[PDB]
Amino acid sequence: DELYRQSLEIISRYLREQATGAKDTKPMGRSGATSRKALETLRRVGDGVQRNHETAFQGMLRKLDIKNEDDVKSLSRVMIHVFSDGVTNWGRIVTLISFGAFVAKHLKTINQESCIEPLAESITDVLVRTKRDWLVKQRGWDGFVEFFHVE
């Protein structure tokens, strides 16, 4: 399952980067070019969403009242619910990832030994498992990169 592997990596690295504030220097490995452009696209638009919706995000983080790194059950139900209307687009996808990073940041403050892993896995699981065929049709992360490609 390469789609899942690649997705978990891009999403995990971004969240970890956001939480620790430190970039990771490791070869992405497989389809590395796409993954890096994805991470780059993800930095640009991802940070933008958090900046531009700081007020809404702060409120959402507050109602989520996430207790620990493992308490991702509620967020999982939230994300599933977001797509429950049958609408699928990159805007929603990147917004969920951006909020994921926003949550990952808050987790650090309360304890610094928090793997962002459980959070990244919860997000990746929803996207790749419930939107499997939609992603494949979009050429996966190249579609992501392409959609958010600005001139």
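Only the largest set of C-alpha atoms that superpose within 1.5 Å between the two forms is called the rigid core. Position 1 is the first residue in the sequence shown; the rest follow in order.
Core-fitted comparison in 6 other deposited structures of this protein shows that, between 131-139 and 12-20, the CA atoms farther from the shown form belong to 131-139. Between 65-73 and 33-41, greater CA displacement relative to the shown form is found for 65-73 when the structures in 6 other deposited structures of this protein are fitted on the core. Two stretches are in play, 95-103 and 28-36, and the higher mean C-alpha B-factor belongs to 28-36. On average the C-alpha atoms of 1-9 have higher B-factors than those of the other stretch, with 141-149 and 1-9 being the two compared. Across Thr124, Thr55, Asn111, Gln50, the entry's maximum B-factor at the CA atom is seen for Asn111. Looking at the C-alpha B-factors along this chain, the one for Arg62 belongs to the highest third. In the deposited entry, the Cα temperature factor of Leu135 places it in the lowest third of its chain's modelled residues. Split the chain's modelled residues into thirds by C-alpha temperature factor. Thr41 is in the middle one.
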